[PDB]
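There are 4 protein chains.
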Amino acid sequence: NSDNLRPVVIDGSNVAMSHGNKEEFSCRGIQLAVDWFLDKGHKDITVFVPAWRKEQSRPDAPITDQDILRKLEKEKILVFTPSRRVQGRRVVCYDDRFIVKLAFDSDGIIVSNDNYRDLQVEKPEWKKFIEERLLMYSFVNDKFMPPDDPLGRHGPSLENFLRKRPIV
Amino acid sequence: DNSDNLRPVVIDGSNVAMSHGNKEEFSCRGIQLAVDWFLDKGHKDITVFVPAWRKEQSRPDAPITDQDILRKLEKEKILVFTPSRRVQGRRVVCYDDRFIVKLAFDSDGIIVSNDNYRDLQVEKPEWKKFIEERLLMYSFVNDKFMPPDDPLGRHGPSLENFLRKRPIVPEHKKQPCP
Amino acid sequence: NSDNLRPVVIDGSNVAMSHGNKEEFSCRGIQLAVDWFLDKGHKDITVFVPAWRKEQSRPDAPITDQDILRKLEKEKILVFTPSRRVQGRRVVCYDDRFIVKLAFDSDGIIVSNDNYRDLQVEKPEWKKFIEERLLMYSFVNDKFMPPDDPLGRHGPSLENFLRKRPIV
Amino acid sequence: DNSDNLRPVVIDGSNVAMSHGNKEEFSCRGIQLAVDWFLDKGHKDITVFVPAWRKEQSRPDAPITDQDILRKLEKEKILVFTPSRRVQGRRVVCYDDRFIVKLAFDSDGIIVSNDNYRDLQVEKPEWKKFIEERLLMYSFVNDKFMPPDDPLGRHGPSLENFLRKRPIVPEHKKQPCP
RNA sequence: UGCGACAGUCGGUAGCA
RNA sequence: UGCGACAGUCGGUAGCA
Ligand SMILES: C[As](C)(=O)[O-]
Ligand SMILES: C[As](C)(=O)[O-]
Ligand SMILES: [Mg+2]
Ligand SMILES: [Mg+2]
Ligand SMILES: [Mg+2]
Ligand SMILES: [Mg+2]
């Protein structure tokens with residue numbers, strides 16, 4: 185049940201990196217983060233991943249548990265980001281603004297450790313949103329750990345932050 | 184407001200409807216969502232292509248949902264069907280893809296699709312050039328049409344200067360360049 | 185007719201580079217070199233190319249006219265060199281020694297600008313062969329130009345060098 | 184001379200014969216050439232695998248040349264056929280590939296093939312490990328069997344220390360290492 | 001040599017180290 | 001900033017620049 189809980193958006197290209205072997209795009213990490221929200225009684229969750237991650241794992245962009253991506257798409261949870269090769273090289277469309285544009289227009293929250301310095305500048309109205317709605321995380325081997333104070337000690341609880349109606 | 188500053192728009196429906204509904208299902212709903220996006224943007228010239236054999240009742244091997252959405256768009260001079268027929272029990276298809284390209288090319292418009300049409304880029308060089316710079320990709324979020332704000336790489340144009348023929352709408356850039 | 189002419193071995197991985205856009209593996213170059221020998225009345229010609237060149241053209245190892253390779257294999261002229269990915273990375277088997285080992289055991293000549301510094305050292309008996317049997321080349325846009333004095337002015341003519349029985 | 188210092192040898196004939204003759208043709212000649220190479224090297228343990236349906240006369244859709252070479256190698260306890268049969272007009276194949284692997288594994292030998300057996304590496308991890316370090320590839324020059332002198336990368340062993348069980352045969356290396 | 005550490009070309013992650 | 005020129009990881013061609 186979505187008892188007053190918020191839409192959720194995840195920067196998968198950030199999570200998978202920060203989960204295992206930092207240099208590796210470990211899809212498992214995406215799984216662990218998701219399963220956490222699921223077990224937390226969430227319904228609306230969306231992940232973003234540039235599409236060229238389906239491309240077979242090279243040594244220059246290593247990736248593990250690749251089959252997890254298509255499996256999450258099947259549940260209308262994972263969403264790929266437009267990618268293609270123009271003149272033999274790659275065009276990406278910069279997924280970063282997809283994560284925000286979605287969350288902004290849905291009045292949700294972002295799961296990522298990237299501060300989006302570039303986009304805070306591109307649109308002041310976005311800056312405010314990024315300032316108040318970015319949820320960071322820390323990975324410990326095989327457990328999703330978000331902070332109990334997503335903003336500073338001056339900020340709100342974890343439940344009053346991921347819920348639109350606080351329980352006061 | 185003026186629509187003459189806008190570019191013609193062509194949509195690969197057989198790509199949209201697939202990518203909207205559980206991939207293996209031809210969900211016409213998406214086509215409606217994609218179009219309405221352009222409409223709200225002040226659009227007049229919009230054209231969709233769909234191989235005609237989709238009017239056939241939803242079979243178990245080629246499932247389709249909300250089938251009646253098609254006739255409503257043809258009635259609006261927006262959807263256009265592509266020739267199909269049965270020769271000796273098989274289907275003739277005429278490959279809708281090149282209808283999408285030929286038109287957008289001949290109208291100097293843009294194509295909406297996630298298919299790169301690699302096969303057609305090779306057959307005609309001038310087409311390749313056009314597809315490279317005039318293909319608009321998208322991403323569907325359940326019931327939300329999301330095109331990229333940078334249809335080409337960061338070095339390329341805005342979504343509006345690419346989706347509009349007069350690109351001179353005031354630009355704002357930073358950085359000292361070479 | 186093979187009127188006393190020698191077996192021919194070509195370092196394709198060297199030719200294709202040196203033909204067009206030095207940084208590009210231009211298969212056309214292989215074609216031009218071959219066609220030259222063909223028009224010269226040659227029968228035994230063999231080219232070597234590590235197999236991973238069939239892999240689609242990346243920006244990091246660009247290659248053009250890729251379909252020319254399989255087309256030359258069909259004529260029992262092109263030969264691929266064993267390649268595979270062990271642990272996600274590439275193993276190559278170092279084609280260089282295939283070109284020599286073949287030419288040595290066939291008493292032919294090598295077409296390449298590489299001096300094989302490493303192999304002259306690995307086997308002295310090979311060094312002698314490399315010294316006397318390496319034919320260099322120079323590419324001018326779309327024409328195969330070998331030297332009329334494959335060795336120094338002190339050395340032999342082009343025909344007496346690519347033919348085992350000299351015409352004296 | 185001693186052959187006990189040698190490793191068991193297994194050959195994927197359906198890969199060799201193909202790659203020798205015009206790819207689409209099953210040229211048994213190659214198998215002979217490949218084997219004789221090992222023989223001249225002082226070999227005793229050599230074993231080949233071939234799906235049995237190759238004894239069927241050369242059909243136009245599955246061409247084969249020098250078919251009689253097969254029986255001669257079976258007669259020599261070198262070639263071994265792999266189970267095949269026709270169920271209801273179709274063929275049952277039993278997938279010769281895993282016969283090659285299981286044996287070489289169980290004999291602690293090496294495999295001669297250009298197929299990486301990716302599918303089998305996944306089914307059994309211990310096999311993957313073995314295939315990575317025990318697959319010997321080759322290259323055919325018309326009528327010449329050429330295996331690499333470095334079956335693994337330059338960092339790996341010689342062709343002989345990989346093709347022999349006792350690797351200690353005097354080594355000569357240069358370079359100061361870490 | 002010694003094949004790297006580097007010289008050109010180029011990709012993934014970093015917003016200054 | 002400014003995204004590069006660079007910092008880590010890494011590939012193709014070079015035998016010393
Ligand atoms: C191994 As050295 C000191 O010649 O670069
Ligand atoms: C563009 As600058 C001088 O801040 O590196
Ligand atoms: Mg990013
Ligand atoms: Mg199509
Ligand atoms: Mg080389
Ligand atoms: Mg096989």
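Residue numbers (PDB author numbering), protein chains in the order written: chain B, 185 to 352; chain A, 184 to 361; chain B', 185 to 352; chain A', 184 to 361. A prime marks a further copy of an entry chain.
Note that the Cβ used here is the ideal one computed from N, Cα and C, for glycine as well.
Rounded to the nearest whole angstrom, the CA to CA distance from A':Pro340 to A':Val192 is 17 Å. Contacts between B':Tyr300 and chain A', judged by CB atoms closer than 7 Å, are missing: the closest CB pair is about 14 Å apart. Secondary structure at B':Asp289: helix, using DSSP grouped into helix, strand and coil.
The contact set of B':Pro246 on chain B, defined by CB atoms closer than 7 Å, consists of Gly272 in chain order.
Against chain B', the beta carbon of B:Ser241 has neighbours under 8 Å at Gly272, listed in chain order. Here the residues close to ligand 5, judged by CB distance below 6 Å to any of its heavy atoms, are B':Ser197, B':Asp280 in chain order.
Sequence-distant Cβ neighbours of A':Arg269 in its own chain, meaning closer than 8 Å and more than five residues away, are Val275. Within the chosen limit of 7 Å, ligand 6 does not reach the beta carbon of B:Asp289 with any heavy atom. Burial is judged here by how many other beta carbons sit within 10 angstroms of a residue's own beta carbon; A':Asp195 has at least 16 and is buried. By the criterion of a C-beta distance shorter than 7 Å, A':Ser322 is surrounded in its chain by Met329, once the five residues flanking it on both sides are discounted. Taking 8 Å as the cut-off, the beta carbon of B:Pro234 is found closer than this to the beta carbon of B:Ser197. Here the alpha carbon of A':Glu309 sits roughly 48 Å from the alpha carbon of B:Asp302. For B:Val193, the enclosing beta strand (DSSP E) starts and ends at 192-195. DSSP, read as helix, strand or coil, puts B':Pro331 in coil. In this chain, the beta strand (DSSP E) harbouring B':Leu262 covers 262-265. Scanning chain A for C-beta atoms nearer than 9 Å to the C-beta of B:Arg268 yields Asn297, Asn299, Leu318, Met320, reported in chain order.
Chain B has a Cβ within less than 8 Å of the Cβ of A:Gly336. For B':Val231, the uninterrupted beta strand (DSSP E) segment begins and ends at 229-234. Think of a sphere of 7 Å around the beta carbon of A:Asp333: the chain B residues whose beta carbon falls inside it are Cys277, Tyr278, in chain order.
Look at A:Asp298: its beta carbon is less than 7 Å from one of the heavy atoms in ligand 4. Near chain A, meaning a CB-to-CB distance below 9 Å, the residues of the region 254-268 of chain B are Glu257, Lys258, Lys260, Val263, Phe264, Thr265, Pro266, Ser267, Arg268.
The beta carbon of B':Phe313 does not come within 8 Å of any beta carbon belonging to chain A', so the residue lies off that interface. Taking 8 Å as the cut-off, the Cβ atoms of B':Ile293 and B':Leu216 do not count as close. For the pair A:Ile261 and A:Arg212, the CB atoms are not nearer than the 8 Å cut-off. For the C-beta of A:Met329, the chain B residues within less than 8 Å are, from N- to C-terminus, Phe282, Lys285, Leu286. Taking a beta-carbon distance threshold of 8 Å, A':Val324 counts as an interface residue toward chain B'. A Cβ-Cβ contact shorter than 8 Å links A':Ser202 with A':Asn297. Collapsing the DSSP output to three states places B:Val275 in a strand.
Between the C-alpha atoms of A:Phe232 and A:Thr265 there is a straight-line separation of about 6 Å.
The Cβ neighbour count for A':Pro331, taken over all protein chains shown within 10 Å, is at least 16; the residue is labelled buried.
One thing to note: A':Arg337 has its Cβ no nearer than 8 Å to the Cβ of B':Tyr300. Check the Cα spacing between B':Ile314 and each of B':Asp244, B':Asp291, B':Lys327: the tightest is with B':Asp291. Minimum Cα-Cα distance from B':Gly204 among the listed residues B':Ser267, B':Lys255, B':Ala287, B':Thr248 corresponds to B':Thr248.
Residue environment: A:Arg317 is assigned as buried (16 or more neighbouring CB atoms within 10 Å of its CB, all protein chains considered).
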